[PDB]
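S.K.: Pasting the sequence and an experimental structure:
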Amino acid sequence: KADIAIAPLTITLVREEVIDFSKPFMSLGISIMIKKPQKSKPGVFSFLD
Amino acid sequence: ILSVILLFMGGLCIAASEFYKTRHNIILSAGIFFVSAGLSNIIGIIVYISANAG
(Lines give C-alpha, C1' and ligand atoms only; values in the text may rest on other atoms or scores of the structure.)
Protein backbone atom coordinates (compact mmCIF):
# COMPACT_ATOMS: atom_id res chain seq x y z
CA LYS A 1 0.00 0.00 0.00
CA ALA A 2 3.08 2.22 0.44
CA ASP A 3 6.47 2.34 -1.33
CA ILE A 4 8.45 3.73 1.64
CA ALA A 5 7.97 4.66 5.32
CA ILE A 6 9.66 7.86 6.55
CA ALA A 7 8.78 7.94 10.26
CA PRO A 8 10.23 7.30 13.76
CA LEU A 9 10.03 3.56 12.85
CA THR A 10 12.41 1.50 15.00
CA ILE A 11 14.77 -0.98 13.29
CA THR A 12 13.88 -4.32 14.90
CA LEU A 13 14.81 -7.92 14.01
CA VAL A 14 11.16 -9.02 13.48
CA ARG A 15 10.56 -6.08 11.12
CA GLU A 16 13.87 -6.45 9.25
CA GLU A 17 12.77 -10.03 8.47
CA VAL A 18 9.83 -8.71 6.36
CA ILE A 19 10.93 -5.18 5.27
CA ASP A 20 14.21 -3.40 4.46
CA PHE A 21 15.59 -0.59 6.62
CA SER A 22 18.20 2.03 5.79
CA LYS A 23 21.03 2.48 8.29
CA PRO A 24 19.74 4.53 11.30
CA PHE A 25 18.87 8.22 10.75
CA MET A 26 18.35 8.64 14.53
CA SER A 27 19.88 6.85 17.56
CA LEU A 28 17.62 6.34 20.61
CA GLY A 29 16.46 4.14 23.49
CA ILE A 30 13.46 3.37 25.71
CA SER A 31 13.14 5.89 28.55
CA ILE A 32 10.82 6.78 31.47
CA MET A 33 8.52 9.82 31.35
CA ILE A 34 7.10 11.02 34.69
CA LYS A 35 4.81 13.85 35.78
CA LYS A 36 7.37 16.19 37.40
CA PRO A 37 7.78 16.73 41.14
CA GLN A 38 5.28 19.54 41.75
CA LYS A 39 4.72 19.84 45.53
CA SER A 40 2.05 19.11 48.16
CA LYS A 41 -0.03 21.92 49.67
CA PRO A 42 -0.28 20.67 53.25
CA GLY A 43 -3.91 21.45 53.89
CA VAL A 44 -5.29 23.67 56.62
CA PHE A 45 -6.51 21.39 59.44
CA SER A 46 -3.85 18.82 58.51
CA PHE A 47 -2.71 18.92 62.13
CA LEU A 48 -5.62 16.50 62.76
CA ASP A 49 -4.36 13.88 60.30
CA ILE B 1 -6.87 46.33 54.70
CA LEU B 2 -9.31 45.53 57.52
CA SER B 3 -6.45 46.02 60.00
CA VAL B 4 -5.87 49.49 58.51
CA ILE B 5 -9.58 50.37 58.72
CA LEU B 6 -9.89 49.19 62.34
CA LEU B 7 -6.81 51.25 63.30
CA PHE B 8 -8.37 54.32 61.65
CA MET B 9 -11.67 53.82 63.51
CA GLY B 10 -9.78 53.43 66.80
CA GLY B 11 -8.06 56.71 66.06
CA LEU B 12 -11.41 58.41 65.51
CA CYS B 13 -12.63 57.00 68.86
CA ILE B 14 -9.55 58.29 70.72
CA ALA B 15 -9.96 61.70 69.06
CA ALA B 16 -13.64 61.79 70.11
CA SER B 17 -12.34 60.94 73.62
CA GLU B 18 -11.27 64.54 74.29
CA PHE B 19 -14.42 66.11 72.80
CA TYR B 20 -17.92 64.74 73.55
CA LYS B 21 -16.26 63.22 76.64
CA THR B 22 -17.72 61.78 79.88
CA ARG B 23 -19.12 58.90 77.75
CA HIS B 24 -16.34 56.54 78.99
CA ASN B 25 -17.40 53.90 76.43
CA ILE B 26 -15.61 55.47 73.44
CA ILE B 27 -12.24 54.79 75.10
CA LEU B 28 -13.32 51.15 75.50
CA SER B 29 -14.28 51.27 71.81
CA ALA B 30 -10.77 52.46 70.93
CA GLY B 31 -9.26 49.61 72.94
CA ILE B 32 -11.46 47.01 71.22
CA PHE B 33 -10.66 48.44 67.78
CA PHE B 34 -6.90 48.35 68.39
CA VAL B 35 -6.94 44.77 69.69
CA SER B 36 -9.14 43.66 66.76
CA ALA B 37 -6.77 45.42 64.35
CA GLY B 38 -3.88 43.42 65.79
CA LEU B 39 -5.77 40.15 65.35
CA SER B 40 -6.67 41.06 61.75
CA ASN B 41 -3.00 41.87 61.07
CA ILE B 42 -1.79 38.51 62.42
CA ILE B 43 -4.35 36.62 60.32
CA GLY B 44 -3.15 38.60 57.29
CA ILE B 45 0.49 37.67 57.95
CA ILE B 46 -0.34 33.96 58.29
CA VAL B 47 -2.44 34.01 55.11
CA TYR B 48 0.31 35.79 53.16
CA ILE B 49 3.06 33.42 54.34
CA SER B 50 0.81 30.42 53.52
CA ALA B 51 -0.09 31.71 50.02
CA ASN B 52 3.64 31.93 49.14
CA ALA B 53 4.08 28.17 49.71
CA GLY B 54 3.13 27.49 46.06
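M.R.: Done, it's in. Residues are numbered from 1 along each chain as shown, chains lettered A, B, ... in the order given.

S.K.: Show me the contact partners of stretch B:25-39.
M.R.: Defining contact as CB atoms under 8 Å, 6 or more residues apart in numbering or on different chains, one finds that stretch B:25-39 is touched by B:3-4, B:6-7, B:9-11, B:13-14, B:16-17, B:20. In this view, the C-beta of every residue, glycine as well, is placed from N, C-alpha and C.

S.K.: before we move on, what about stretch A:39-49?
M.R.: B:50, B:53-54.

S.K.: of these, closest to chain A?
M.R.: Distances from chain A to the contacts of stretch A:39-49, taken as CB to the nearest CB, are shortest for residue B:54 (5.8 Å).

S.K.: can you pull the contacts of that closest one?
M.R.: A:39, A:41.

S.K.: Specify the local secondary structure of residue B:30.
M.R.: Per DSSP: H, G, I helix; E, B strand; the rest coil, the local secondary structure of residue B:30 is helix.

S.K.: Under a three-state scheme, what state does residue A:36 occupy?
M.R.: coil.

S.K.: tally of neighbours for residue 45?
M.R.: The chain I'm using is chain A. Residues lying near residue A:45 (other CB atoms under 10 Å in any protein chain shown) number 7.

S.K.: ah, no, chain B please
M.R.: By the criterion of other CB under 10 Å, residue B:45 has 10 neighbours.

S.K.: how about it, secondary structure?
M.R.: Assignment for residue B:45 (three-state DSSP): helix.
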